[PDB]
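What follows is a single chain, given as structure tokens, in the form deposited without the named molecule.
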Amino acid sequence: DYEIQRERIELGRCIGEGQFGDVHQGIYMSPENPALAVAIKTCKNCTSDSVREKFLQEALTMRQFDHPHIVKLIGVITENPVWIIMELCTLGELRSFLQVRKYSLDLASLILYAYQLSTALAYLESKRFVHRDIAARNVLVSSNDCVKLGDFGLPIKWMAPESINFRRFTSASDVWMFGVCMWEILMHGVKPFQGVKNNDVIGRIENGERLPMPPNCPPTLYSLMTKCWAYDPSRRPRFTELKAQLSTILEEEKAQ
């Protein structure tokens, strides 16, 4: 089962702050693997069952997916203090990694990350799961050549127009938000619309404006991004198709 005995967990260095509390790395001592490196999400306010409810929904949902580019649940400890134990991605959240690895990562690698992300989102799409919070900050880096979707759950600057005007969230909103994430990656983790009032962002989308083509970004990728940003959700592509196009973009980039 998925409940874990606190005695098999050795808490270690704090590796990040989450919505609910500190995120730690640590060791999980099971009989199947005597020393498994894990991540531990903690829940600062989980004495409140309303918080505990929302915190542990993340683990109930993780548990349903099996993809190579989606983080995996190990187990939970539900007595206080409540903990989620999940796979460790030792290079942390994608945004910081992009920031710190600027000048160090090449183009093929940035494309590799977007294509990897699209395969995770095509998989979720095939399961009819809407994610609603696709952003570089919600992706983790397992290795120089492997990123993973780390969260499932306001980010106006990332959201589709119909999310903002009708609070509506669909596979097509996800596609839109994934265009923004691709932009974020080709900009090495610069946030979209920096220094722009949220409320002014919506008018500019309605005005037809869009995020600029990043430097060093290929026309083929920018064209992909702009299809993701069709104002009408029914003109935007499906991740299955985005996945296939990014596969071609990557094979050709590898060729230089």
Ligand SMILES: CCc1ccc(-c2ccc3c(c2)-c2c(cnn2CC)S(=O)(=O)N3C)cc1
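Start at 1 and count along the sequence shown; that's the residue number. Heads up, when I say rigid core I mean the largest set of C-alphas that superpose within 1.5 Å between the two forms.
Unshown form solved in complex with the named molecule; subsequent notes refer to it.
Backbone and C-beta atoms of the displayed form come within 2.4 Å of three or more atoms of the named molecule after its pose in the deposited bound form is superimposed, which defines the site as blocked. Between 177-185, 104-112, 75-83, 161-169, the stretch whose residues reach within 4.5 angstroms of the named molecule in the deposited bound form through a non-hydrogen atom is 177-185. Of the residues 70, 213, 201, 224, just one reaches the named molecule in the deposited bound form with a heavy atom at 4.5 Å or closer; this is 70. Checking 51, 217, 27, 62 against the named molecule in the deposited bound form, a heavy atom within 4.5 Å turns up for just one residue: 62. Contact between residue 156 and the named molecule in the deposited bound form is not found at the 4.5 Å heavy atom cutoff. At the 4.5 Å threshold, heavy atoms of residue 119 stay clear of the named molecule in the deposited bound form, well away from it.
In the deposited bound form, the named molecule lies within 4.5 Å of some heavy atom of residue 149. Taking a 4.5 Å heavy atom cutoff to the named molecule in the deposited bound form, the contacting residues in 106-134 are 121, 124, 129, 131. Of the residues 91, 122, 112, 135, just one CA atom moves 2 angstroms or more between the shown form and the other one under rigid-core superposition; it belongs to 135. The gap between the Cα atoms of residue 250 and residue 132 is larger in the deposited bound form, by no less than 3 Å, than in this form. Look at residue 121 and residue 137: in the deposited bound form their Cα atoms come 3 Å or more closer than in this form.
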